[PDB]
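Quick notes on the structure that follows.
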Amino acid sequence: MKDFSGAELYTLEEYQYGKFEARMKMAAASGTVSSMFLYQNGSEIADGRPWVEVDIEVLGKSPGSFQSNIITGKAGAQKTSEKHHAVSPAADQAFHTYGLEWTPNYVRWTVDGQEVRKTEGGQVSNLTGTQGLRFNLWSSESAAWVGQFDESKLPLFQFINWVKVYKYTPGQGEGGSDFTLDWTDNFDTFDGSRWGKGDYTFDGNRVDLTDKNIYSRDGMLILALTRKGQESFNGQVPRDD
Ligand SMILES: [Ca+2]
Ligand SMILES: [Ca+2]
Ligand SMILES: [Ca+2]
Ligand SMILES: [Ca+2]
Ligand SMILES: [Ca+2]
Ligand SMILES: [Ca+2]
């Protein structure tokens, strides 16, 4: 029913702890949100269950940084911890490898292997259960957060070159480390046994996440943000040199 079309790529499976890395070139225009996040599906339901989510969100008005967040508490009463981190070159101008490391003890955010944030204890202790890995591209109705939405900048595209997912195996990883690679995806194709395409929306989101805006071209998974009725991708995928 909404007038804009966004997209979401999500793992069908959820995991308890792990290390997640994605090689991406984000999308950005005033009013947009381009993300990588861990999400306990169902957190949005206000039936008393806990909210469990860890985010990496590039806010459209500020492509030179991304906002990190941990959402706990419960629907209607979220507990948050927004912080901002510089990305250079800008997130929408080059590929970067974004990483999330989630253990019982801490959550670490990395960009090209460098730590930009590590939260220990506190909210992390409430990230119980499982979370799936997701990526989406949409626009928020909160102008103070993402900027007034500039429709003239559409269409926008977020490119994912590859993903790595590691199992949390404390003390049992390569050389006595804490993680063991589980699977990787180079996105030469859309693997439907591993991923799903989002078809939903939520209050505060001006767009409908639709499977129409997920494309697979030349080694990459593309998420698109377009006006409704103009869902398409015909250009070239950027190079990751
Ligand atoms: Ca409508
Ligand atoms: Ca607790
Ligand atoms: Ca506008
Ligand atoms: Ca495996
Ligand atoms: Ca779907
Ligand atoms: Ca690729």
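Labels used: A, B, ... for chains in the order of the structure tokens, numbers from 1 for residues in each chain, and numbers from 1 for ligands as shown.
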Sorted per-residue table, chain A near ligand 5, closest atoms and distance, 7 Å, only C-alpha atoms and all ligand atoms, as JSON lines:
```
{"residue": "A:196", "atom": "CA", "partner": "ligand 5", "partner_atom_place_in_ligand_line": "1 (Ca)", "distance": 5.8}
{"residue": "A:197", "atom": "CA", "partner": "ligand 5", "partner_atom_place_in_ligand_line": "1 (Ca)", "distance": 4.2}
{"residue": "A:198", "atom": "CA", "partner": "ligand 5", "partner_atom_place_in_ligand_line": "1 (Ca)", "distance": 4.5}
{"residue": "A:199", "atom": "CA", "partner": "ligand 5", "partner_atom_place_in_ligand_line": "1 (Ca)", "distance": 4.8}
{"residue": "A:211", "atom": "CA", "partner": "ligand 5", "partner_atom_place_in_ligand_line": "1 (Ca)", "distance": 5.8}
```
Kindly export the residues of the current selection with C-alpha atoms, as an mmCIF file, in the first residue's frame.
```
data_model
loop_
_atom_site.group_PDB
_atom_site.id
_atom_site.type_symbol
_atom_site.label_atom_id
_atom_site.label_comp_id
_atom_site.auth_asym_id
_atom_site.auth_seq_id
_atom_site.Cartn_x
_atom_site.Cartn_y
_atom_site.Cartn_z
ATOM 1 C CA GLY A 196 14.819 -14.968 1.790
ATOM 2 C CA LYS A 197 13.543 -11.722 0.265
ATOM 3 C CA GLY A 198 11.565 -9.457 2.553
ATOM 4 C CA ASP A 199 7.971 -8.573 1.711
ATOM 5 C CA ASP A 211 11.170 -8.996 -3.415
#
```
Can you work out which residues are within 10 Å of ligand 6, considering only C-alpha atoms and all ligand atoms, and then hand them over as JSON, numbers by chain? {"A": [23, 24, 159, 160, 161, 162, 163, 185, 186, 187, 188, 189, 216, 217, 218, 219, 220, 221, 240]}
Selection as a list in words: residues within 8 Å of ligand 4 by only C-alpha atoms and all ligand atoms: residues 181, 182 and 183 of chain A
Please, could you write that set of residues out with N, CA and C atoms as a PDB file, in the first residue's frame?
```pdb
ATOM      1  N   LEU A 181      34.720 -20.683  10.601  1.00  0.00           N
ATOM      2  CA  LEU A 181      33.925 -20.320   9.436  1.00  0.00           C
ATOM      3  C   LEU A 181      32.863 -21.387   9.180  1.00  0.00           C
ATOM      4  N   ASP A 182      31.625 -20.944   8.970  1.00  0.00           N
ATOM      5  CA  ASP A 182      30.495 -21.842   8.733  1.00  0.00           C
ATOM      6  C   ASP A 182      30.163 -21.903   7.241  1.00  0.00           C
ATOM      7  N   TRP A 183      29.919 -20.745   6.647  1.00  0.00           N
ATOM      8  CA  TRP A 183      29.633 -20.680   5.224  1.00  0.00           C
ATOM      9  C   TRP A 183      29.949 -19.311   4.664  1.00  0.00           C
TER      10      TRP A 183
END
```
Contacts with ligand 1 at most 6 Å, only C-alpha atoms and all ligand atoms counted, listed as a tab-separated table (two decimals) with N, CA and C atoms, in the first residue's frame:
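Saved the output as selection.tsv:
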```tsv
chain	number	residue	atom	x	y	z
A	1	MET	N	0.80	-1.26	0.00
A	1	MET	CA	0.00	0.00	0.00
A	1	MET	C	0.82	1.29	0.00
A	2	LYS	N	2.10	1.21	0.37
A	2	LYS	CA	2.94	2.41	0.38
A	2	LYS	C	3.43	2.79	-1.02
A	3	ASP	N	3.93	4.02	-1.17
A	3	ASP	CA	4.32	4.50	-2.49
A	3	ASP	C	5.77	4.39	-2.94
```
Would you please give, as an MDAnalysis selection string, all residues of region 2-175 of chain A that DSSP assigns to strand (DSSP E) based on the backbone? chainID A and resid 4:11 18:25 32:39 53:59 65:74 77:79 83:86 96:102 106:111 114:120 132:139 156:168
As a PyMOL selection string, please: every protein or nucleic acid residue near ligand 2 (cut-off 12 Å, counting only C-alpha atoms and all ligand atoms). chain A and resi 50-52+72-73+104+121-128
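For the set A:174, A:47, A:241, A:141, the residue with the smallest atom-to-atom gap to ligand 3 is A:141, counting only C-alpha atoms and all ligand atoms.
Secondary structure from DSSP on the backbone puts helix (DSSP H, G or I) at the following positions of region 63-229 of chain A: residues 122, 123, 124, 125, 126, 143, 144, 145, 146, 151, 152, 153, 174, 175, 176, 211, 212 and 213 of chain A.
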Can you tell me, as a ChimeraX atom specification, what residues are no more than 12 Å from region 6-8 of chain A when counting only C-alpha atoms, ignoring any on the same chain fewer than 3 positions away? /A:2-3,11,27,32-37,133-140,154-160,195-201,205-215,221-232
Please produce a file of the residues just selected, as a compact mmCIF listing (two decimals), in the first residue's frame, where the atoms kept are C-alpha atoms.
```
# COMPACT_ATOMS: atom_id res chain seq x y z
CA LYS A 2 2.94 2.41 0.38
CA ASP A 3 4.32 4.50 -2.49
CA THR A 11 19.00 -15.42 6.28
CA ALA A 27 23.22 3.48 -0.61
CA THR A 32 17.35 6.74 3.61
CA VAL A 33 18.55 3.83 5.71
CA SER A 34 21.00 1.26 4.24
CA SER A 35 21.81 -1.56 6.66
CA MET A 36 23.41 -4.75 7.92
CA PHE A 37 21.87 -6.12 11.11
CA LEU A 133 21.61 -11.79 9.51
CA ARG A 134 19.80 -9.17 7.45
CA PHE A 135 20.37 -6.28 5.08
CA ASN A 136 17.78 -3.75 4.02
CA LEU A 137 17.29 -0.47 2.24
CA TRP A 138 14.41 1.82 3.08
CA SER A 139 13.46 5.36 4.10
CA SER A 140 12.45 6.58 7.55
CA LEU A 154 15.95 7.69 -6.46
CA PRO A 155 16.70 5.01 -7.56
CA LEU A 156 19.35 4.01 -5.04
CA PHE A 157 21.25 0.73 -4.85
CA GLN A 158 23.11 -1.14 -2.10
CA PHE A 159 25.61 -3.72 -3.38
CA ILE A 160 26.71 -6.83 -1.50
CA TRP A 195 18.27 -16.48 1.91
CA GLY A 196 14.82 -14.97 1.79
CA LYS A 197 13.54 -11.72 0.26
CA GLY A 198 11.57 -9.46 2.55
CA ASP A 199 7.97 -8.57 1.71
CA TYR A 200 6.69 -6.37 4.53
CA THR A 201 6.79 -2.95 6.14
CA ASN A 205 9.00 3.15 7.17
CA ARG A 206 7.81 5.03 4.03
CA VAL A 207 8.45 2.01 1.85
CA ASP A 208 7.25 -1.50 1.34
CA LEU A 209 10.16 -3.94 1.37
CA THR A 210 9.56 -6.03 -1.73
CA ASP A 211 11.17 -9.00 -3.42
CA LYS A 212 10.84 -6.99 -6.66
CA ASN A 213 13.84 -4.91 -5.60
CA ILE A 214 16.37 -7.68 -4.99
CA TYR A 215 18.56 -8.33 -8.05
CA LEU A 221 23.35 -9.05 -4.66
CA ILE A 222 21.67 -5.70 -5.26
CA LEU A 223 19.06 -4.11 -2.99
CA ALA A 224 17.15 -1.26 -4.62
CA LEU A 225 15.11 1.69 -3.38
CA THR A 226 12.72 3.02 -6.01
CA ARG A 227 9.43 4.78 -6.41
CA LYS A 228 6.57 2.29 -6.59
CA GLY A 229 6.02 1.26 -10.19
CA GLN A 230 9.63 2.00 -11.18
CA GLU A 231 11.21 -1.13 -9.75
CA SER A 232 14.19 -1.96 -11.97
```
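Using only C-alpha atoms, the smallest distance between any of A:108, A:117, A:85, A:239 and residue 21 (chain A) comes from A:108.
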May I have a table of the residues of chain A lying at most 7 Å from ligand 3, giving each one's closest pair of atoms and their distance in Å to one decimal, counting only C-alpha atoms and all ligand atoms, ordered by chain and ascending residue number, as a Markdown table?
```
| residue | atom | partner | partner_atom_place_in_ligand_line | distance |
| --- | --- | --- | --- | --- |
| A:148 | CA | ligand 3 | 1 (Ca) | 5.8 |
| A:149 | CA | ligand 3 | 1 (Ca) | 4.2 |
| A:150 | CA | ligand 3 | 1 (Ca) | 4.8 |
| A:151 | CA | ligand 3 | 1 (Ca) | 5.6 |
```
Neighbours of residue 80 (chain A) within 8 Å (only C-alpha atoms; same-chain residues fewer than 6 positions away dropped), as a ChimeraX atom specification? /A:69-72
Who sits within 8 Å of region 96-98 of chain A, only C-alpha atoms, same chain under 4 positions skipped, as number ranges by chain: A: 21-25, 91, 109-113
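Restricting the calculation to only C-alpha atoms, the smallest distance between residue 86 (chain A) and any of A:53, A:178, A:13, A:115 is found for A:115.
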Compare A:78, A:119, A:41, A:142 by their minimum atom-to-atom distance to residue 101 (chain A), counting only C-alpha atoms, and give me the closest one. A:119
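Candidate residues A:105, A:100, A:171, A:92 were compared for distance to residue 238 (chain A), and the nearest is A:92, using only C-alpha atoms.
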